[PDB]
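Below is one structure; the comments refer to it alone.
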Ligand SMILES: *[C@@H]1O[C@H](CO)[C@@H](O[C@@H]2O[C@H](CO)[C@@H](O)[C@H](O)[C@@H]2O)[C@H](O)[C@H]1NC(C)=O
Ligand SMILES: *[C@@H]1O[C@H](CO)[C@@H](O)[C@H](O)[C@H]1NC(C)=O
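Protein chains in written order, with the authors' numbering: chain B, 388 to 436; chain A, 340 to 387.
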């Protein structure tokens with residue numbers, strides 16, 4: 388709440404339970420390789436509920 | 340013949356084959372393998 392961002396992107400997608408642990412900078416799997424790959428120098432947050 | 344086998348042994352006796360004198364095209368690595376974990380450590384799988 389004390390930071391200013393030039394722009395903010397909210398990527399939304401429903402995925403399975405293990406694939407939550409999958410989504411992270413520098414990971415592997417059928418989702419992190421062919422479906423959604425977070426860049427290595429990621430600056431942001433992931434939210435899974 | 341490391342991926343067309345039928346009795347991949349239990350972990351207590353980890354079968355260890357030796358692959359020498361050959362041309363390693365890992366496209367056949369990919370074909371017999373609906374992958375779930377290709378975590379490579381020393382090398383990158385793309386540059387293999
Ligand atoms: C691990 O399993 C491999 C596949 O079953 C074996 O490779 C083959 O084994 C057969 C005999 O089952 C040989 O006839 C063939 O030439 C090839 O080597 C491999 O031997 C085996 N290794 C160990 C240590 O068990
Ligand atoms: C095993 O060998 C048979 C031989 O016909 C082939 O049809 C099959 O696809 C092979 N399976 C794997 C997992 O290598």
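Backbone N, C-alpha and C fix where the C-beta goes; we use that ideal spot for every residue, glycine too.
Distance cut-off 7 Å: residue i Cβ against heavy atoms of ligand 1
i, result
"residue 357 of chain A", "no"
"residue 340 of chain A", "yes"
"residue 354 of chain A", "yes"
Residue i, buried or exposed, once every other Cβ within 10 Å from all chains shown has been counted against 16
i, result
"residue 410 of chain B", "buried"
C-beta atoms of residue i and residue j nearer than 8 Å
i, j, result
"residue 400 of chain B", "residue 421 of chain B", "no"
"residue 343 of chain A", "residue 371 of chain A", "yes"
"residue 387 of chain A", "residue 369 of chain A", "no"
Taking 6 Å as the limit, name every residue whose beta carbon sits nearer than that to some heavy atom of ligand 2, in sequence order. Going by the Cβ distance cut-off, the answer is A:342, A:343 and A:371.
So does the stretch 401-419 of chain B actually touch the stretch 372-383 of chain A, counting three or more Cβ pairs closer than 8 Å? Taking a cut-off of 8 Å on C-beta distances, the stretch 401-419 of chain B touches the stretch 372-383 of chain A, as three or more cross pairs fall below it.
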